[PDB]
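Two separate entries follow, structure 1 and structure 2, each one form of the same protein chain as structure tokens.
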Structure 1
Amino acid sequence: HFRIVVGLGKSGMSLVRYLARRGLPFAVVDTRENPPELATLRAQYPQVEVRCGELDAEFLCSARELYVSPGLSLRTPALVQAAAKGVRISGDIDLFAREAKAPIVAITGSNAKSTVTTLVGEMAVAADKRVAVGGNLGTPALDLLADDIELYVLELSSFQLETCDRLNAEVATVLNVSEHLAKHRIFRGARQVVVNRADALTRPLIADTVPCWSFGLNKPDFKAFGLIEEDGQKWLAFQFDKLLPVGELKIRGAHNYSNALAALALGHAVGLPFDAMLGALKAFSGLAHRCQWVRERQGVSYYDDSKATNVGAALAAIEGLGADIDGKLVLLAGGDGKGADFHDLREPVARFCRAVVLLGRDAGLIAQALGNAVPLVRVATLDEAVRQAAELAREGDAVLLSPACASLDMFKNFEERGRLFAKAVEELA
């Protein structure tokens, strides 16, 4: 107990692995009497001291560092007592930041984190880098640590950044902010930043004193990635250099063009050559249920954006795909809204939608927020939502599942909702 892992779960087990494989002395504690991972720990690491129940503050103060699971309150009185006593309140990313021996690309934001992370990951692979990609919900960062790595690409949550004293990223970004200081801990020690010209809350104080690259959907200036319009066609661009027509991407929607430009900026900051980045961009087809094409039927396209589980995400996808088609959107939305203010959807819906089909627990709340902006239809099931959306759509339109809500009121998770949407779409005559 020179070091104590505080809290089991995904990251805690990666700390157990890391500390043990490095031979370091450590113990494990958890507040629950029978945490789910207790059996796995007791079986895979029988030699590790494990204490379950009310945290022994005296035991926690016998360590120099506590590695606190991200989704565990730092307000726990024993942690407060340990923190009041001088113990380092740490975590997996804090330890990773101090152990890493290669530059880190560090990505957070309210939305688009996994899209941009995986794209930078594919750029790095295409550039022949010995790259390691992880963080947040993916591969635990500590499982990536090795001397042969040339580049780390880390997606980070605010919770992981809370106990990280100085990440010292080579380049860091907050992609966007929607309902910020926790996110901005990603900039502590950052040697470069990438900012979103469309979101003022992404610009850190250090953007005045370290290299600052930007992305956005308007025409870029120096040190900026953006869109150039020429010959009626839109191009991804760096400064005055057209890179690629957006039509050669396999991902759709202006929000995904923004994600591509963010990834280009991140890869550029760490020296990835443009030919490698552009090759990966042409090959990148996006992640499952991130505005994914399902079908083209009678001139109408169908897109599964089931992972738009919050209002900021749906707004971006509505505006994004709405600006990327020949017609109007027929939007499918609703589900468990988690108390969100849906008013921000009214203007994008009025601007881009022919109609909205609403289902799920909070369809009524969404209807209240949308008012009479566009024609609304209420349905009971996803199958009926798709059938009605197809009848409402006209040639050139896109039918978009971008629900702005969690799915747990009717589905196991957003993946199941997306799959059942695609199934219904594929069963249309």
Structure 2
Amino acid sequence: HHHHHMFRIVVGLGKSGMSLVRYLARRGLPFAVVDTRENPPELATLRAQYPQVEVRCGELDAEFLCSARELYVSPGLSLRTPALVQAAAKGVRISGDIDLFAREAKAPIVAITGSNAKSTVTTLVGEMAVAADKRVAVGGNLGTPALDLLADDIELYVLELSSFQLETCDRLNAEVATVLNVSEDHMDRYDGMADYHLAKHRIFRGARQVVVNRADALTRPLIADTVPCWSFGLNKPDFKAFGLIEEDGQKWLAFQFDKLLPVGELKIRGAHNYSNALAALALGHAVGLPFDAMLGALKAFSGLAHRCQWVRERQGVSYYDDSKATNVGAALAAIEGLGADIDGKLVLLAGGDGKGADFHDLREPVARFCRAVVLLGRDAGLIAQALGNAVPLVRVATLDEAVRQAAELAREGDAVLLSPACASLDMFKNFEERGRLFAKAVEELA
């Protein structure tokens, strides 16, 4: 079983695996593809587009993996998979598409992770860079695989990174890096908060600057003492800091003692979105984006689909798609934020794959803001146990039923909120499909 000394193996045939196939094939390197599943989602794609690439589907063959110089592992595949552990112990480098991107990119990287907000802040910094007339490429976990962004004329890369991707990134060497926030998530993969936190802090390896959340200690890296450190927060900022300046009850986004923009001139609203705006300003300022360009993009920014997104108002009841809420921290923010905005109470739709999360933090906000909760999905029962008898709970089987029942529970002035605190993967392809099907059911109400 001979192989070339450059031989490498792509482990996982999903979207990032296909970006690795494209990259390695373009460089004419010897490689093969494996996947633990008999019928991975991009198998048909690989067979149609790369009929000559060796592909092995099923139980991983550790002896085959051990013949490669490096494995590029799908971020969704746990590195505790036994054959990967065995290859690692025999000195095979465990890598991945972000690790490879970091080793190849020829322009500064803005690297953004966090338990929440990383897609919004990544998108915003990208729009700031476009407004600053930079040749920018934006992607990563956000959707466009990072390797597909590579081009020599790119002046700035903006990457959303997951804790999973970061586990195989040896030395990202970002120009500026941030962990926006950390709250319990992905506890079906990590043993606890310590390993989850450590994985995210790999974003700082080699970072030339950092952006830190003054309100979240799990975002503060050791290197904040040795590289330029820009902080954001909602309190009044000090030197080198972004924050809010308040005068006669009017709030301004601010850098040090300079008022930048009244928060009322943003389209996005609420404390979490102000924090996101300040984080994006800090990241953009770190890579030289002019303030006037950044503020113009901030004023124009409308937010992302499935982020507490208004769908419909029917019989005085408004319907909001917050399907992006796949952890408790996100649902907490939406319940508090929308609950405080409306002239009524919430009917919350929640449940799905809870990833081993503690749901106890939902109880008090649900008791304060909800008229009822509609629960679906694999871990509906765990959520119901955490909520107790705070409010009426209605158990349903499908999202269409959940919407029909929520309409019946709601009264004029209420809002129906899909903010599930769970992954969608037990019942849906992804959280975007979950949100699209919620919006479809809402639109089908008579």
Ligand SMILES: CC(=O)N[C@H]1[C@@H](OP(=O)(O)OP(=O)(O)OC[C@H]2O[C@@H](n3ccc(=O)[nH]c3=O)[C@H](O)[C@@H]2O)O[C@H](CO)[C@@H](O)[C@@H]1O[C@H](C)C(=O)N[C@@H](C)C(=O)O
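For residue numbers, the reference is structure 1: its sequence is counted from 1. Think of the rigid core as the biggest set of C-alphas that the two forms share within 1.5 Å after superposition.
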property: Answer for which single form is the form deposited without this ligand; result: 1
property: Hinge between rigid parts between the two structures (choose from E122, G286, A317, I366); result: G286
property: Angle, in °, that the smaller rigid part sweeps relative to the larger one between the two structures; result: 26
property: Core-referenced Cα shift (Å), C164, between the two structures; result: 0.4
property: Following rigid core superposition, Cα shift of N372 between the two structures in Å; result: 9.3
property: Backbone CA shift between the two structures, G232, after core fitting (angstrom); result: 2.8
